[PDB]
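J.:
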Amino acid sequence: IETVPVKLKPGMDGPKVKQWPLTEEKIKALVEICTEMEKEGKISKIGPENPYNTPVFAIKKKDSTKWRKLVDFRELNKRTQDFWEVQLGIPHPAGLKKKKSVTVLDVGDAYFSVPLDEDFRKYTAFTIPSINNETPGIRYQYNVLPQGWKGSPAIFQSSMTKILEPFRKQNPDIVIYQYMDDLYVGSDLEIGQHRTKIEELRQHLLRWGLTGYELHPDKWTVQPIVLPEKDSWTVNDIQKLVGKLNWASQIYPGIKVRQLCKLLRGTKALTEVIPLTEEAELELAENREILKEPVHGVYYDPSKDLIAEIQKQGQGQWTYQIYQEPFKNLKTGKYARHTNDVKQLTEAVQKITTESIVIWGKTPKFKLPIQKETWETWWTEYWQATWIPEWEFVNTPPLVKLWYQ
Amino acid sequence: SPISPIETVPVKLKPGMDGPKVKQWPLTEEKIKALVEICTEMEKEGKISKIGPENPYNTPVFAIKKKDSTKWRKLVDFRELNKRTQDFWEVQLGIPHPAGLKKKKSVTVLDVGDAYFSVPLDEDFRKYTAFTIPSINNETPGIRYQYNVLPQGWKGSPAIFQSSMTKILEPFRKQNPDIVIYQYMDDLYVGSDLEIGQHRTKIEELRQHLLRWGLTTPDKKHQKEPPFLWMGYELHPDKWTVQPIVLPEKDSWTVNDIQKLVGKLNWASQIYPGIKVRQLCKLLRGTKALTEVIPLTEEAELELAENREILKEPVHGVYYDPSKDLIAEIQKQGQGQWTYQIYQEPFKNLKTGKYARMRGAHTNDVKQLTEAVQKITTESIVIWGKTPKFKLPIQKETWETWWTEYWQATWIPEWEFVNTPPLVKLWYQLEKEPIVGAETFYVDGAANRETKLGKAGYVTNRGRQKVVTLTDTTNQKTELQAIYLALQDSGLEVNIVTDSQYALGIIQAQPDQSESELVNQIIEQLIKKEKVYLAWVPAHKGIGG
Ligand SMILES: Cc1ccc2c(c1)CCCN2C(=O)SCC(=O)Nc1ccc(S(N)(=O)=O)cc1Cl
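So the protein sequences, as listed, match chains G and D.
Just so we're aligned, residue -7 is where the first sequence starts under the numbering used here, counting upward by one.
Just so we're aligned, residue 7 is where the second sequence starts under the numbering used here, counting upward by one.
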């Protein structure tokens, strides 16, 4: 198989990302995996003349005992993006998010039998570190298309197509979107039919080598920010009430407050129950009305990063919003719970990433309510996805927390 | 010394760049003479070789005597070629911690003469290693030369050499798992738990392996004896430690004396539990010259004392035992200073350490303590490949209270309360609900961006009121000031309604010590209080307040 030639982006060159301290159990796992891949000719030891580096971790994946290797190409992917995206970019079916059932199938194996352009390999260097730095890490590079590299699916697209062609012809109402190492298969069938069709599809794959996740999009919807209902209202509640209302306009056009407001005025005691005028009962209502609606005015700009912010709300529950432009939400939902905070944040992040892949075909940049170090040390304990999105660490505004509670 | 029949590492200059071509400066005759002398010596050994002036490349050469001695050393100034050579793979990117070495029956040190000069250099590369010994003054063509081995002070020498060393050892390891070799610079630490006998055998069997490869080394009666000095440590058969520390006695201290002192102490605190340093540091801030003498504070002096106390008579650390567990215990030692110990059997430390930094402007103890835990957790994974069981001066409950209602996600691995004062606590809760029958202050604070003056004040709901003026402030400062007033004129319980997300944020955090003075007062208030409930609202959307 003569190889498709791969360029970097002009004026920049490969990644040199530091590797992360890894725990013994993971290092062992990686030494096995990497022995076996070397045998299979997938990767080859390299010499000090490769300065490049990409971090590498081991995960386990939902309901699997088997350690599995996970390379972090986030840096490489930005340094190639011209190739994988604008140059060999996979179109995105707005249809996918409508279907009643989306099964998600791991397809990383595909790649493993396409050679990597010879002059690109050096870019895929990784290291297996050793405890206490007692021995220099084992350094490798890939000979075949690596998983988690955004180039891999791009290159491997036309094979994918041939592979998928017949099944596609025979079931013209099943959407199949590929994003990286996964295939998203969406159908409108009774679930059993669906499952059958998935199995049926597995056979096709299984004839070129290939070899779960059951999602039901169409039944994703609002999360209308909720204004307490109730007879009686302390100043506090009304205070807390306007406050929350206050937040909502800015993203919600038409919101209304001042009516509710004049209920306030003068230094009354907080814990003081107070009469309620019933036109100000209308704002309440018609805000409530709107408050369940989409933001009128907000569209997804395919030329612009997505961002996803996450807030913590005790009781094992977290809120989150996706948008491209502060306050103009494309979407906003919630997650609910032996789980700790981090374990949870990690599950949440994957959940959202994956919704996000299905809706837009790209992954958001996360703003996480956690300490950089902590997230870093801990997240691989729970990570089960084959991709890794982008993240930062931030200090939830005190009030953002409630306006969403 | 031989020259390795081994493979070769293909080097390369940076893309779109060419070799070096720097002119050779005129040299004195004696210098010129030494070079001729040195080179023909080297050249006799194939280390280097004669070339033409057809080869268009040149790097300069120099030659100096040697401190006091009566010999001559050749200097090559690779700067330029170094600056045109491809980047390599960082050499050794961590260094073992004694605390992590698994103890061994017997270990000996092998080193290696002609480190770099025993290993070949990619051939197509040598061309660029061109240099020239010039002819007495201007006249004549100088003599031209280039490298066959790895030149000293060239960019790739350290990587390639360490790489080679690794390729070589590879086999001998395979056929000897029970044996451990630590490569360092050009030294070899080798150890096993086999009896004095086949050790030296095994060693010799190594010195041979190294010979079949052009690597020559000391033989018994030449290699050093325990304790090995290395990287600042003292490594004995049983324990390890930092190297002899001498904290001198003097009357005057300069900014220099104190810096050096702080450094020695920090280094010593790896294994000397208790070492303190913050008084000494204060002395350093907003600083004059290096030669400047700083009068030791009295507190500072107590430190200097309490430190010599600890350092008076030795402490050692034990090695690591992959089988048993890791326990880490932390103590609060004072103003944002924490100190810890790790060991596997009650009180034989594998190491000690300290944590101080101040993450944030306002923080509380519980926060600080979990930062330590993380910092200790990482250091641990690096060193032992696993996280230790912790013992902390905080009740499970205090900890459960804080994490529970903290905006940020958080998470300590396994731990157990241990009762060693000071204990860590929250110094005040804040109400969940408004307080029935207790004054409601509506406070506010403003500041003229120009005059920079501000009014700060409040108006409660038993119609009381105050106002104040502030000469050089900001909005932020004013709003802390209001909440401060309202907290002062209200005794035991009070509700406060600010529209300052800023102040609110800070106080919802339960700070308990703060860079800001004003915030610290608010804190002394907050502890005196008995029931405070604080609440926010938007302003200019002007409201009941
Ligand atoms: C720099 C350095 C120092 C030391 C070591 C390494 C690297 C890696 C190999 C292991 N290693 C050791 O020295 S640990 C072995 C140990 O517990 N200490 C020890 C045991 C026996 C002996 S003995 N019997 O005198 O040879 C000497 C020592 Cl210093």
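The C-beta atom is built at its ideal place from N, Cα and C for all residues, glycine as well.
Does at least one heavy atom of ligand 1 sit under 7 Å from the Cβ of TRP236 of chain D?
T.: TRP236 of chain D Cβ: within cutoff of ligand 1.
J.: Using a C-beta to C-beta distance shorter than 8 Å, which residues of chain D count as neighbours of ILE82 of chain G?
T.: Simply none; closest approach about 31 Å.
J.: Helix, strand or coil for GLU377 of chain D, going by three-state DSSP, please let me know.
T.: helix
J.: The alpha helix (DSSP H) with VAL17 of chain D in it runs from where to where?
T.: Per DSSP, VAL17 of chain D belongs to no alpha helix (DSSP H) and is neither H nor E.
J.: Would you please verify whether the beta carbon of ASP83 of chain D is less than 8 Å from any beta carbon of chain G?
T.: no
J.: Using the beta carbon as the reference atom, which residues fall closer than 5 Å to any heavy atom of ligand 1, ordered along the chain?
T.: D:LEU107, D:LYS109, D:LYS110, D:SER112, D:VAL113, D:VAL186, D:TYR188, D:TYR195, D:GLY197, D:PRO232, D:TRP236, D:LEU241, D:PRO243, D:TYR325
J.: Measuring straight from C-alpha to C-alpha, what distance separates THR303 of chain D and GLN73 of chain G?
T.: If I take the Cα positions, the gap works out to 59 Å.
J.: Short of 7 Å Cβ to Cβ, which residues in the region 330 to 345 of chain G face chain A?
T.: Protein chains in the displayed structure are G and D, and chain A is not among them.
J.: For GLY119 of chain D, count neighbouring C-beta atoms within 10 Å of its own C-beta (all shown protein chains included) and say buried if the count is 16 or more, exposed if not.
T.: exposed
J.: Excluding the five sequence neighbours on either side, which residues of its own chain have a C-beta within less than 8 Å of the C-beta of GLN337 of chain D, listed in chain order?
T.: Closer than 8 Å at the Cβ level, and outside the excluded window around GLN337 of chain D, lie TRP344, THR345, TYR346, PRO399, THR426.
J.: Sort out for me which residues DSSP pairs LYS61 of chain G with in a bridge.
T.: G:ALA50
J.: Helix, strand or coil: which one does DSSP assign to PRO440 of chain D?
T.: Here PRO440 of chain D sits in coil by DSSP.
J.: Helix, strand or coil: which one does DSSP assign to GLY460 of chain D?
T.: Here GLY460 of chain D sits in strand by DSSP.
J.: Which runs of the beta strand (DSSP E) spanning at least 3 residues fall entirely within the region 207 to 252 of chain D, listed in chain order?
T.: 234 to 236, 239 to 241, 245 to 248
J.: Relative to the alpha-carbon of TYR315 of chain G, which residue among G:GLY246, G:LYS357, G:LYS154, G:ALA261 has its alpha-carbon at the smallest distance?
T.: G:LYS357
J.: Suppose contacts are defined by Cβ-Cβ distances below 8 Å. Is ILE277 of chain D in contact with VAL248 of chain D by that definition?
T.: Result yes, Cβ atoms of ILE277 of chain D and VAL248 of chain D sit closer than 8 Å.
J.: Would you decide whether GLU377 of chain D is buried or exposed? Buried here means 16 or more other CB atoms lie within 10 Å of its CB.
T.: buried
J.: With DSSP collapsed to three states, give me the class of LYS20 of chain G.
T.: helix
J.: Does DSSP put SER105 of chain G in a helix, in a strand, or in coil?
T.: helix
J.: So with CB distances below 8 Å, who are the chain G contacts of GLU411 of chain D?
T.: Correct list: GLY306.
J.: Show which residues of chain D have a CB atom less than 7 Å away from the CB atom of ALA261 of chain G.
T.: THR446, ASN467
J.: If the cut is a Cβ gap below 9 Å, which residues of chain G does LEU510 of chain D touch?
T.: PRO390, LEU391
J.: Can you check whether the CB of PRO11 of chain D is closer than 8 Å to the CB of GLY220 of chain D?
T.: For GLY220 of chain D and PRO11 of chain D, yes; Cβs fall inside 8 Å.
J.: Roughly how many whole angstroms lie between the Cα atoms of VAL99 of chain G and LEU322 of chain G?
T.: Those two C-alpha atoms are separated by around 29 Å.
J.: Ligand 3 and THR504 of chain D: does the residue's C-beta get closer than 7 Å to at least one heavy atom of that ligand?
T.: The model depicted lacks ligand 3 and carries ligand 1 instead.
J.: Quickly, what does DSSP pair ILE299 of chain G with across the bridge? List them, please.
T.: G:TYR315, G:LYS357
J.: Determine the direct distance from the alpha carbon of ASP5 of chain G to that of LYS114 of chain G, and round the result to whole angstroms.
T.: 11 Å
J.: For the region 98 to 124 of chain D, list every residue whose C-beta sits within 8 Å of some C-beta in chain G, in sequence order.
T.: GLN98, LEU99, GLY100, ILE101, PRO102, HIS103, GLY106, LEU107
J.: Indicate the three-state DSSP secondary structure (helix, strand or coil) for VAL249 of chain G in the structure shown.
T.: coil
J.: Please list, in chain order, all residues of the same chain as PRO224 of chain D whose beta carbon is under 8 Å from its beta carbon, the five residues on each side excluded.
T.: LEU116, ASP117
J.: Identify whether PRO209 of chain G lies in helix, strand or coil by the three-state DSSP scheme.
T.: helix
J.: State the CB to CB distance for the pair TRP76 of chain G and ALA146 of chain G, rounded to an integer number of angstroms; the pair is presumed to be in contact (CB under 8 Å).
T.: Here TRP76 of chain G really is in contact with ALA146 of chain G; their C-beta atoms are around 4 Å apart, less than 8 Å.
J.: Determine the closest residue to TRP408 of chain D out of D:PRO147, D:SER7, D:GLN341, D:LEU375, with distance taken between C-alpha atoms.
T.: The shortest C-alpha separation from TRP408 of chain D is found at D:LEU375.
J.: Consult DSSP for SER75 of chain D and reduce its assignment to one of helix, strand or coil.
T.: coil
J.: Residues in the same chain with beta-carbon distance under 7 Å from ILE380 of chain G, minus the five sequence neighbours each way, listed in chain order, please.
T.: Within the same chain, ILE380 of chain G has close Cβ partners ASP64, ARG66.
J.: Chain D beta carbons: is any one of them nearer than 8 Å to that of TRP395 of chain G?
T.: no
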